[PDB]
Amino acid sequence: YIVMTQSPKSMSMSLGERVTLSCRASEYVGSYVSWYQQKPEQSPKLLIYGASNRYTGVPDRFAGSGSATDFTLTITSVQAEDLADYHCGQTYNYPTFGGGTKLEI
Amino acid sequence: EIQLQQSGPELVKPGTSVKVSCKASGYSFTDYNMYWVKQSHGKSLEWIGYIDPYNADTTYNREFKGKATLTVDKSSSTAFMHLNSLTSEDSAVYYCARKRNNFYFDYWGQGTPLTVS
Amino acid sequence: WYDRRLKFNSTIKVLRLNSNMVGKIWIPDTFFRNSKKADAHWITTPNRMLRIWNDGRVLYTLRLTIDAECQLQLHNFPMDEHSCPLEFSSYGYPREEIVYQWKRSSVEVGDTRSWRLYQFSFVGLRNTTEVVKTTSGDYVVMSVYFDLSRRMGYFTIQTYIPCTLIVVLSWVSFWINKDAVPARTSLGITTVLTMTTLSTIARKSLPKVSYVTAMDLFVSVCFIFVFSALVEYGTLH
Amino acid sequence: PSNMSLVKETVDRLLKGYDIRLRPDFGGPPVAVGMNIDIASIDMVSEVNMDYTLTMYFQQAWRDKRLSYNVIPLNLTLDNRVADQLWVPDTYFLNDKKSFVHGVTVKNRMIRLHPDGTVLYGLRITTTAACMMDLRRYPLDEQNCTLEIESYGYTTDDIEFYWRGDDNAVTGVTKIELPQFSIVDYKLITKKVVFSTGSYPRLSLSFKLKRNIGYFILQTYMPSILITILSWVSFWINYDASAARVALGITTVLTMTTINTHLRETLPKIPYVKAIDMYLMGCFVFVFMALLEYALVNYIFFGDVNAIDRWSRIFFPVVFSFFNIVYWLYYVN
Amino acid sequence: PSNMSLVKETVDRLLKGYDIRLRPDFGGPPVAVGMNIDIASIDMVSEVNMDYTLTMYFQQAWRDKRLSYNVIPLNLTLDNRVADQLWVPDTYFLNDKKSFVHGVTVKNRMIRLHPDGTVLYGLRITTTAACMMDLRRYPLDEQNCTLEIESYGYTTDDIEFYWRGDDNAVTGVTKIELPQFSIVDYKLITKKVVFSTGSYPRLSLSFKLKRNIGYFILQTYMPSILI
Amino acid sequence: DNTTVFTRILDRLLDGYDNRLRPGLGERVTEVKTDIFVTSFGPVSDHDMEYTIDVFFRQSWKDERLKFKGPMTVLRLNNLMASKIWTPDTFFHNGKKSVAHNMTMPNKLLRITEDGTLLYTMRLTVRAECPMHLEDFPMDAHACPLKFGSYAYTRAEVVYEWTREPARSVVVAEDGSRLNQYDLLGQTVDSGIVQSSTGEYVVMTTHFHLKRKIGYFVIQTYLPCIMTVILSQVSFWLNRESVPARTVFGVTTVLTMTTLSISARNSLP
Amino acid sequence: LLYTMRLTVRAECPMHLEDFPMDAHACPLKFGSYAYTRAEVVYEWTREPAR
Amino acid sequence: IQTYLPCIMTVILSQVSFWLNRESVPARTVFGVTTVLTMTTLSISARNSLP
Ligand SMILES: *[C@@H]1O[C@H](CO)[C@@H](O[C@@H]2O[C@H](CO)[C@@H](O[C@@H]3O[C@H](CO[C@H]4O[C@H](CO)[C@@H](O)[C@H](O[C@H]5O[C@H](CO)[C@@H](O)[C@H](O)[C@@H]5O)[C@@H]4O)[C@@H](O)[C@H](O[C@H]4O[C@H](CO)[C@@H](O)[C@H](O)[C@@H]4O[C@H]4O[C@H](CO)[C@@H](O)[C@H](O)[C@@H]4O)[C@@H]3O)[C@H](O)[C@H]2NC(C)=O)[C@H](O)[C@H]1NC(C)=O
Ligand SMILES: *[C@@H]1O[C@H](CO)[C@@H](O[C@@H]2O[C@H](CO)[C@@H](O[C@@H]3O[C@H](CO[C@H]4O[C@H](CO)[C@@H](O)[C@H](O)[C@@H]4O)[C@@H](O)[C@H](O[C@H]4O[C@H](CO)[C@@H](O)[C@H](O)[C@@H]4O)[C@@H]3O)[C@H](O)[C@H]2NC(C)=O)[C@H](O)[C@H]1NC(C)=O
Ligand SMILES: *[C@@H]1O[C@H](CO)[C@@H](O[C@@H]2O[C@H](CO)[C@@H](O[C@@H]3O[C@H](CO[C@H]4O[C@H](CO)[C@@H](O)[C@H](O)[C@@H]4O)[C@@H](O)[C@H](O[C@H]4O[C@H](CO)[C@@H](O)[C@H](O)[C@@H]4O)[C@@H]3O)[C@H](O)[C@H]2NC(C)=O)[C@H](O)[C@H]1NC(C)=O
Ligand SMILES: *[C@@H]1O[C@H](CO)[C@@H](O[C@@H]2O[C@H](CO)[C@@H](O[C@@H]3O[C@H](CO[C@H]4O[C@H](CO)[C@@H](O)[C@H](O)[C@@H]4O)[C@@H](O)[C@H](O[C@H]4O[C@H](CO)[C@@H](O)[C@H](O)[C@@H]4O)[C@@H]3O)[C@H](O)[C@H]2NC(C)=O)[C@H](O)[C@H]1NC(C)=O
Ligand SMILES: *[C@@H]1O[C@H](CO)[C@@H](O[C@@H]2O[C@H](CO)[C@@H](O[C@@H]3O[C@H](CO[C@H]4O[C@H](CO)[C@@H](O)[C@H](O)[C@@H]4O)[C@@H](O)[C@H](O[C@H]4O[C@H](CO)[C@@H](O)[C@H](O)[C@@H]4O)[C@@H]3O)[C@H](O)[C@H]2NC(C)=O)[C@H](O)[C@H]1NC(C)=O
Ligand SMILES: *[C@@H]1O[C@H](CO)[C@@H](O[C@@H]2O[C@H](CO)[C@@H](O[C@@H]3O[C@H](CO[C@H]4O[C@H](CO)[C@@H](O)[C@H](O)[C@@H]4O)[C@@H](O)[C@H](O[C@H]4O[C@H](CO)[C@@H](O)[C@H](O)[C@@H]4O)[C@@H]3O)[C@H](O)[C@H]2NC(C)=O)[C@H](O)[C@H]1NC(C)=O
Ligand SMILES: CCCCCCCC/C=C/CCCCCCCC(=O)O[C@@H](COC(=O)CCCCCCCCCCCCCCC)COP(=O)([O-])OCC[N+](C)(C)C
Ligand SMILES: *[C@@H]1O[C@H](CO)[C@@H](O[C@@H]2O[C@H](CO)[C@@H](O[C@@H]3O[C@H](CO)[C@@H](O)[C@H](O)[C@@H]3O)[C@H](O)[C@H]2NC(C)=O)[C@H](O)[C@H]1NC(C)=O
Ligand SMILES: CC(=O)[C@H]1CC[C@H]2[C@@H]3CC[C@H]4C[C@H](O)CC[C@]4(C)[C@H]3CC[C@]12C
Ligand SMILES: *[C@@H]1O[C@H](CO)[C@@H](O)[C@H](O)[C@H]1NC(C)=O
Ligand SMILES: CCCCCCCCCCCC
Ligand SMILES: CCCCCCCCCCCC
Ligand SMILES: CCCCCCCCCCCC
Ligand SMILES: CCCCCCCCCCCC
Ligand SMILES: CCCCCCCCCCCC
Ligand SMILES: CCCCCCCC
Ligand SMILES: CCCCCCCC
Ligand SMILES: CCCCCCCC
Ligand SMILES: CCCCCCCC
Ligand SMILES: CCCCCCCC
Ligand SMILES: CCCCCCCC
Ligand SMILES: CCCCCCCC
Ligand SMILES: CCCCCCCC
């Protein structure tokens with residue numbers, strides 16, 4: 001299957017500073033990459049789909065982008081409610097998620 | 001509003017089986033496939049399999065091929081995953097999600113903790 | 001044909017009509033057995049005519065362009081003569097349901113001067129009528145044979161005259177001095193090699209048929225002379 | 001006139017309350033559609049386009065209890081336009097790239113109702129059917145071109161194909177006078193192909209065509225041999241004739257390239273050496289060696305020599321003869 | 001499905017007693033028809049046949065009071081087969097030699113009714129149009145190929161043409177990538193051609209094509225220079 | 001009389017049915033799930049920058065107007081019902097001139113499941129535009145696109161989708177390949193939005209990754225080019241006094257090199 | 001009635017290429033009714049025949 | 001410029017051989033055959049423009 005690898009295993013960016021999370025796919029996945037936020041003791045929450053489109057009801061700070069095999073989720077100004085593990089997955093084939101990336105201050 | 005409610009916390013000894021349910025609400029249950037996801041403590045989400053509720057066609061992850069069997073009931077808008085030959089490695093929290101498109105999983109389950117010991 | 005349903009008594013002797021009424025009445029399903037592709041004419045309107053008499057006679061004529069299939073046998077080419085047919089019959093109605101027959105005026109062949117027949121000359125026409133048996137029944141078939149006689153005037157200037165003239169170029173090798181080794185070979189190799197091109201382009205005019213034709217025979221013999229002429233100097237030196 | 005009136009009521013009765021949308025015995029056992037072909041001609045086998053054009057009287061028969069009549073004791077053949085008011089199989093040819101039914105003076109089509117209900121339905125069809133050809137042994141090659149007759153919308157649970165007459169279904173194959181080929185054999189097969197949408201019935205009409213080598217011998221091989229034969233006359237020319245032998249050798253080797261290039265243009269852009277190619281390339285080596293034979297002679301003299309001409313006058317005819325024997329035995333047999 | 005039933009009644013009224021034989025404002029002022037092209041591609045610019053092949057999305061926009069509705073707030077995109085039940089301008093390309101509307105999966109057309117009565121009518125057309133080329137300076141030549149959109153049966157007293165958006169009516173010209181031509185310029189004109197049968201509206205879409213010489217150095221000039 | 005039960009069902013479905021209005025008009029977007037089965041990947045015409053492809057173009061959508069209850073759960077029908085109901089107006093953005101085969105009958109199938117779902121496949125021969133950058137010709141590879149979408153309906157009206165995983169939705173027949181001088185390495189798919197004069201439209205893109213096979217050009221241009229270069233170097237081994245012989249060597253090879261250069265370009269645009 | 005149509009008629013022009021390429025031809029274009037004889041349909045030029 | 005000039009230049013070209021010394025046989029022979037073969041191609045190529 002396609003393995004998704006998130007380069008920053010953890011992030012310690014301070015509150016209010018731009019933080020970028022990366023997500024690498026071993027092979028082509030088109031634009032079928034989605035980003036999910038999982039706060040502790042919570043189910044995943046869809047944030048970005050299509051590798052660029054923002055799910056309805058999500059704050060506008062989140063902005064994903066990326067060509068095939070190179071996908072990034074950039075938070076322009078991380079706030080006190082964006083601290084959680086972030087999951088990137090692909091649905092171009094049988095769905096495989098990436099290792100969660102955790103944020104800290 | 002949509003809501004995927006699941007069975008709840010479980011405890012079980014190795015060797016015996018277990019069944020977990022995922023109750024759909026708010027949308028036409030047969031329109032969208034239901035996916036099952038596994039998440040061990042502090043580990044990446046793993047896809048088990050999905051079932052087409054309309055005709056109950058199932059596709060399984062090769063790792064979980066045989067370990068899990070997916071069944072659905074049209075009458076009660078519920079999806080069931082049955083696990084057999086449980087071991088320590090099978091202790092995790094299991095989620096159910098609906099694939100709204102071929103782009104994203106729209107609504108996820110509450111999460112069903114499982115413990116084998 | 002006669003159609004008792006379409007009989008009317010009045011002062012009018014004939015109802016002369018356009019293509020509009022053709023689809024309303026029964027028309028025989030005549031098709032051409034050897035037509036690779038045919039089409040009617042539709043500009044400005046469908047080139048069809050229909051006339052109905054009192055007794056029930058129906059006259060139905062239409063203009064057709066038929067790309068018929070004539071199985072040429074070019075064993076002797078370009079002197080071949082062919083008898084190209086044009087068969088037709090009802091596609092569905094067997095001999096017990098549709099019988100055809102040539103009228104007294106068999107085929108009113110038009111003025112042959114304006115025809116696009118350049119290669120051939122229209123010698124004459126011949127008609128027949130016979131019953132062909134098939135899996136779906138016995139059908140009456142009527143075939144028109146057109147006899148076409150080839151003219152070789154173009155092929156002489158196109159093929160033979162170049163083939164004749166090039167062979168003469170070999171002969172002048174002999175009058176050229178034997179000591180001129182490059183000159184003789186120059187003429188010989190140039191003469192034979194262009195003979196190869198003439199054979200191919202001459203052979204190109206023919207289709208891909210697996211048998212030597214009369215045109216092929218002429219070029220091959222001309223090939224022997226040019227080759228022998230070159231070989232004549234080879235032994236001469 | 002009683003039959004004309006009686007036949008009119010019968011045919012009018014059948015088409016009244018007839019649903020073209022439902023097949024015979026809809027929601028029931030599959031309808032068995034018998035097929036029967038009569039090849040009128042095989043116009044042209046094209047290697048460039050990898051297809052052949054075939055004209056046939058495609059006929060297919062099936063049963064329809066709705067179209068069963070018994071008042072009149074005869075088989076009703078009706079206008080071809082009635083076919084638009086009756087259910088007919090949705091037969092299609094999976095290979096066809098461009099096909100049509102002839103339409104002069106009327107649509108070349110047939111309908112014939114029988115009292116039991118059997119519907120005899122025939123079409124005159126010209127099909128340009130795809131046939132991918134393995135030209136590795138070309139022109140000593142043998143092609144197997146097929147025609148894949150299949151139902152599109154109806155699975156094996158709704159329709160069923162068979163050759164009406166186990167081996168007498170297809171006729172006319174013997175008389176077909178194909179110029180380039182000779183139809184060695186023809187086989188009639190029935191299968192069941194499975195797609196993601198279901199299982200469908202298949203009939204295959206194969207034609208094992210064999211190349212007529214005669215056309216190419218006069219056109220391709222004979223020029224190559226004579227070009228190769230005349231290459232050797234350089235060996236009988238005096239060694240001190242550089243202007244002559246070089247002109248001869250250069251003339252011959254260039255001609256082989258033109259023949260090879262000219263020949264390959266007529267064929268498709270096929271990325272492998274065919275039997276013809278392995279002969280033209282083989283002949284190229286001999287003529288080129290003959291050119292190098294003189295260059296070897298010239299260098300040894302200016303830069304004994306008569307012996308090289310003599311041995312080359314014997315070796316070259318022989319080793320080329322063996323090249324023919326090994327070539328023709330490998331390919332012709 | 002309640003809104004579907006409401007739409008069905010509205011769309012049914014418009015075609016009820018709708019005389020397809022009569023243009024909008026028949027017996028009245030001319031109907032103004034707005035056109036805007038989207039050049040999909042230009043191919044087969046052939047001087048042996050003196051023509052070029054043009055693929056485009058050819059949209060026409062006009063007002064038809066008979067097709068005005070107010071109940072539905074949204075614009076109705078209808079199945080393309082409705083166009084056969086509606087009056088549409090009889091526009092033809094005068095220099096067109098051979099054209100067709102693309103056919104798969106269905107007829108490549110569009111009908112979109114707007115509440116005020118406006119009708120957006122689009123077709124995907126591949127037209128082989130005649131372009132007479134002055135080869136005197138060939139291959140270092142600039143050709144001027146045109147497309148002559150004109151109404152056949154309706155004179156200027158019955159119909160008018162205008163480039164909907166003016167100079168921004170035609171798009172895609174920059175993207176078009178001809179192998180041996182550079183599309184240096186394109187222009188849009190509005191004429192009124194007079195025939196013996198009356199005066200008719202005319203829209204002319206001219207492209208000035210400049211030939212690329214790089215190919216001809218490889219095959220034409222350098223072989224002759226080296227010889 | 002046995003079929004009269006099914007005839008009354010079809011009459012009921014089409015009673016008061018408006019095939020001019022898409023499902024869920026003004027209420028919902030029309031989701032069209034589509035997949036392609038390529039029965040053969042036709043030849044590539046680099047001269048015209050195009051390729052041919054024969055497909056079973058399957059597309060499925062939900063139409064609540066076509067629900068029914070009866071002895072059968074699926075109504076397996078013919079092309080006639082396709083024209084009676086609403087079907088999507090899909091078209092190929094880069095298609096040049098495609099064929100909807102209708103021999104012997106329209107090569108289409110229409111199946112109505114009892115829940116209103118429709119399966120509507122059709123056999124097509126699409127001739128599509130493949131822009132080629134021939135900078136590395138003949139050792140070049142291309143990703144020929146096959147884009148399609150609705151002609152009239154914007155993203156807010158009909159949205160397309162792959163019926164299976166996007167990787168698993170374009171399937172090529174194992175024995176279906178009419179390529180001569182190319183290899184079909186594989187295919188990739190994607191979905192996006194395209195702006196236009198009429199609005200935003202969903203475009204379903206498939207890229208067939210081709211790679212030319214240089215076997216032909218090796219033995220048509222390179223080998224003649226290599227040998228004529230060898231021919232010209234035979235002159236170096238001839239005595240310098242053979243002026244006619246070495247001169248004919250030079251002119252003949254140069255002229256041969258000229259015709260090969262002219263001949264080589266004739267294949268491609 | 002005025003009934004006009006746009007056509008691309010491909011008419012036959014028999015040529016005598018005796019003086020080719022210094023040859024001139026008078027290519028005809030003949031038309032008339034297919035079904036109506038001279039006693040039923042007659043054709044005329046709308047203006048002077050020259051114009 | 002397609003047929004008459006190539007014919008006129010070929011015949012003018014063939015008459016260049018009259019000014020070449022008689023002792024140069026290969027030069028004048030290749031003058032001859034090359035012009036005749038040139039003429040043959042012109043004849044065949046001239047007909048293809050006509051039926
Ligand atoms: C598969 O799809 C193809 C399309 O790709 C279908 O082919 C089409 O079939 C329809 C229906 O049969 C044809 O329509 C008919 O066309 C008649 C004249 O067509 C001429 O012009 C067209 C261009 O417009 C050409 O394409 C035609 O040439 C082609 O077809 C002929 C065979 O028809 C071949 O021989 C050629 O080689 C070409 O391939 C023609 O040149 C037209 O007259 C006809 O309309 C009359 O009949 C209908 C029948 O109901 C009436 O409603 C109508 O009013 C007309 O009737 C008047 O005229 C007749 C003439 O005698 C009178 O008898 C009547 O009384 C009345 O006065 C009809 O429109 C269409 O041309 C054809 N080709 C296309 C669309 O390209 C296949 O059928 C289809 N199925 C299969 C199995 O292949
Ligand atoms: C309407 O159309 C039908 C069918 O086209 C006609 O019925 C045919 O009539 C002919 C005339 O007699 C029959 O000819 C012979 O019939 C024999 C009877 O075979 C029956 O038994 C089995 C059924 O299991 C089948 O063979 C067949 O379908 C019949 O049901 C056949 O055995 C004969 O076979 C061979 O005969 C000679 C042998 O040399 C050959 O020439 C033949 O080609 C064939 O190989 C022969 O067929 C024919 O069988 C009838 N067919 C059917 C289906 O009934 C009606 O007569 C016709 N009505 C009219 C014209 O009014
Ligand atoms: C041109 O090239 C094609 C290649 O595609 C050849 O096609 C194959 O030809 C062979 C030889 O005739 C066929 O072999 C046959 O296989 C059948 C088994 O497969 C079918 O089985 C059932 C029917 O029973 C179908 O429903 C199912 O879908 C399968 O398709 C056999 O039943 C056939 O009969 C013989 O079977 C055994 C031998 O296996 C014998 O013991 C029997 O007595 C009987 O003789 C036969 O074996 C094959 O099916 C063809 N299609 C393919 C491979 O796709 C053409 O033959 C060739 N033609 C020419 C003229 O060259
Ligand atoms: C049914 O269809 C109608 C017709 O399209 C839709 O209504 C139009 O929607 C378009 C959307 O493309 C709107 O277009 C915008 O109009 C703005 C105002 O234009 C006014 O002035 C023009 C002058 O000719 C009038 O024609 C027009 O009617 C308006 O009165 C323009 O300012 C816009 O251009 C601007 O775009 C951006 C963002 O504003 C700027 O950065 C640019 O610089 C530029 O200034 C644009 O053209 C238009 O308002 C609507 N009315 C029309 C065209 O008459 C309906 O929405 C649709 N129904 C639906 C979707 O339910
Ligand atoms: C020149 O260009 C013009 C462009 O206008 C073309 O003319 C159109 O051609 C199409 C195709 O033939 C015509 O479409 C036809 O419409 C008929 C009428 O439809 C109405 O009435 C029926 C009931 O009679 C209703 O059911 C329907 O909803 C409409 O209200 C149809 O009856 C025709 O059906 C034919 O095709 C179908 C295809 O599935 C068959 O199943 C049928 O049996 C039947 O054969 C057909 O759909 C259209 O009407 C023409 N006019 C216009 C203005 O569009 C010319 O074809 C084109 N070529 C020439 C030579 O002129
Ligand atoms: C390919 O070749 C064609 C030629 O057939 C070119 O098309 C012609 O282009 C010219 C110039 O664009 C057109 O000529 C005139 O253009 C005017 C544009 O306005 C300018 O000129 C006016 C008057 O001189 C100035 O007042 C103004 O400020 C601008 O400087 C049009 O307005 C003209 O129409 C008016 O005048 C004519 C003649 O007097 C009247 O009959 C009209 O009613 C109107 O009042 C005029 O069009 C010419 O019309 C074009 N078509 C032709 C000649 O058929 C293409 O341009 C060329 N391709 C490219 C890419 O350039
Ligand atoms: C004038 C008449 C000549 C005849 C004379 C007889 C003798 C000549 C004999 C001729 C017969 C041999 C030629 C057959 C060609 C087919 C095989 C082939 O192409 O090989 C491979 C080419 O693909 C590669 O692997 C790249 C290698 C390119 C090599 C270029 C030639 C050598 C250049 C050095 C020479 C210059 C140095 C010389 C300096 C002194 C296979 O590729 P493919 O099949 O095309 O398909 C693509 C890959 N695929 C298979 C994985 C899909
Ligand atoms: C085309 O076919 C027709 C039909 O066969 C040919 O006309 C028919 O020719 C026969 C033979 O001559 C006629 O029968 C003969 O009539 C003469 C004169 O009455 C009589 O003396 C003979 O004993 C014999 O009966 C037949 O009548 C005639 N057809 C008609 C309708 O009268 C015609 O010759 C054929 N065209 C050719 C061969 O070019
Ligand atoms: C020694 C000798 O007799 C000379 C006479 C002709 C010479 C060959 C000509 C063609 C050459 C092509 C390339 O230049 C490589 C060397 C090459 C093969 C040469 C080999 C040596 C030869 C045989
Ligand atoms: C038609 O009328 C004529 C005389 O007017 C008569 O002789 C003939 O019998 C009539 N035919 C009929 C009524 O069929
Ligand atoms: C191009 C033609 C070469 C010469 C053909 C020789 C084969 C014999 C032909 C004559 C047989 C009757
Ligand atoms: C891959 C096939 C190679 C073809 C080689 C042609 C030359 C072999 C014959 C040489 C005879 C001396
Ligand atoms: C360079 C090619 C030379 C080919 C020589 C073949 C004839 C036999 C050689 C005998 C040498 C004494
Ligand atoms: C089956 C046809 C094979 C005929 C082969 C003839 C060519 C032999 C040439 C031998 C010349 C030495
Ligand atoms: C292409 C693989 C088969 C090669 C056939 C070799 C036999 C032909 C003659 C070669 C000369 C020895
Ligand atoms: C063996 C081919 C002919 C070469 C000339 C022979 C002269 C005696
Ligand atoms: C019937 C086959 C004849 C082949 C031609 C003769 C040999 C060149
Ligand atoms: C089928 C054999 C054709 C004739 C062969 C000629 C051999 C030189
Ligand atoms: C691949 C084998 C090639 C042999 C050719 C002979 C030497 C030029
Ligand atoms: C290929 C020929 C090599 C032998 C030449 C003689 C030694 C210089
Ligand atoms: C056709 C080849 C002739 C071989 C002659 C060998 C004796 C010098
Ligand atoms: C794939 C190798 C082709 C042969 C190269 C030719 C060298 C003289
Ligand atoms: C009008 C063309 C005249 C040129 C003739 C050629 C004279 C050498």
Side-chain angles (χ1 to χ4, degrees), chain D residues 51 90-100 127-130 148 150-153 193 195-197 200, chain E residues 55 80 100-109 124 126, chain F residues 32-45 48 50-61 78-80 82-83 87-111 118-130 144-151 160 162-163 169-173 175-179 184 187 189 203-208:
Chain D
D51 58 1
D90 59 357
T91 299
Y92 82 102
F93 313 109
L94 187 59
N95 317 339
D96 82 317
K97 312 201 293 179
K98 179 168 65 59
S99 56
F100 65 95
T127 29
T128 301
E148 300 297 334
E150 181 172 340
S151 171
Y152 197 87
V193 305
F195 295 110
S196 56
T197 50
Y200 297 99
Chain E
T55 310
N80 67 93
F100 64 92
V101 181
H102 294 246
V104 337
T105 284
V106 299
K107 201 72 169 171
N108 275 221
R109 324 185 282 189
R124 191 157 81 98
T126 302
Chain F
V32 174
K33 296 184 180 181
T34 168
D35 55 303
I36 311 181
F37 181 80
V38 186
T39 55
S40 62
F41 195 87
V44 173
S45 179
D48 300 353
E50 69 189 20
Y51 66 101
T52 308
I53 189 180
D54 299 57
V55 301
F56 295 152
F57 186 73
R58 316 199 180 94
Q59 48 193 359
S60 174
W61 64 98
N78 53 336
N79 161 76
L80 297 184
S83 303
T87 63
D89 62 334
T90 304
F91 87 108
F92 297 85
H93 290 42
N94 60 328
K96 292 184 75 178
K97 181 164 181 58
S98 307
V99 182
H101 300 277
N102 68 328
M103 270 296 304
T104 293
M105 292 264 73
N107 305 149
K108 299 175 165 51
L109 71 85
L110 191 283
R111 298 177 186 174
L118 291 148
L119 178 59
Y120 176 62
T121 88
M122 59 199 287
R123 175 163 165 267
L124 305 171
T125 296
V126 183
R127 188 154 61 87
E129 175 65 9
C130 174
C144 286
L146 189 284
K147 293 165 282 184
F148 65 89
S150 187
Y151 187 84
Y160 285 80
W162 300 110
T163 190
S169 301
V170 177
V171 181
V172 180
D175 61 323
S177 175
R178 301 174 181 177
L179 297 167
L184 189 64
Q187 56 277 350
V189 308
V203 182
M204 309 298 290
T205 313
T206 305
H207 291 274
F208 296 96

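All heavy atoms count here, side chains included; hydrogens, waters and symmetry mates do not. Chain identifiers are assigned alphabetically (A, B, ...) following the order of the sequence lines, protein sequences preceding nucleic acid strands; residue numbering begins at 1 within each chain.
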Non-neighbouring partners of [X] that pass side chain to side chain contact (heavy atoms under 4.5 Å, CB included), sequence neighbours left out:
X: F:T205; result: F:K147, F:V203, F:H207
X: D:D90; result: D:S151, D:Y152, D:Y154, F:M105
X: F:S98; result: E:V104, F:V126
X: F:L80; result: D:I20, F:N78

Under the rule for side-chain hydrogen bond (donor to acceptor under 3.5 Å, both in side chains), what residues qualify as partners of [X], not counting sequence neighbours?
X: F:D89; answer: F:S150
X: D:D51; answer: D:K97
X: F:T90; answer: F:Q59, F:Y160

Under the salt bridge (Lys or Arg N to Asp or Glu O under 4.0 Å) test, residues paired with F:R178 that sit two or more places apart =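 For F:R178 the salt bridge (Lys or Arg N to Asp or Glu O under 4.0 Å) partners, ignoring immediate neighbours, are F:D54.
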Counterpart residues, salt bridge (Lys or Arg N to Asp or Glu O under 4.0 Å), relative to F:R58 (two or more places apart) = F:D35
Side-chain heavy atoms of F:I36 within contact of F:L146, under 4.5 Å = yes
inquiry  = Using 30° and 60° as the class boundaries, would you call the ring planes of D:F195 and F:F37 parallel, tilted or perpendicular?
reply    =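 Perpendicular: the ring planes of D:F195 and F:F37 meet at over 60°.
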key: Set of residues satisfying ring pair (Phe, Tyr, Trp, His ring centres under 6.0 Å) with respect to F:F57, sequence neighbours excluded   = F:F92, F:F148
task = Can you run down the salt bridge (charged side-chain N to carboxylate O under 4.0 Å, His left out) pairs that involve residues 93-102 of chain F, sequence neighbours left out, and say none if there aren't any?
result =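 Qualifying pairs, neighbours excluded: F:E50-F:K96, F:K96-F:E129.
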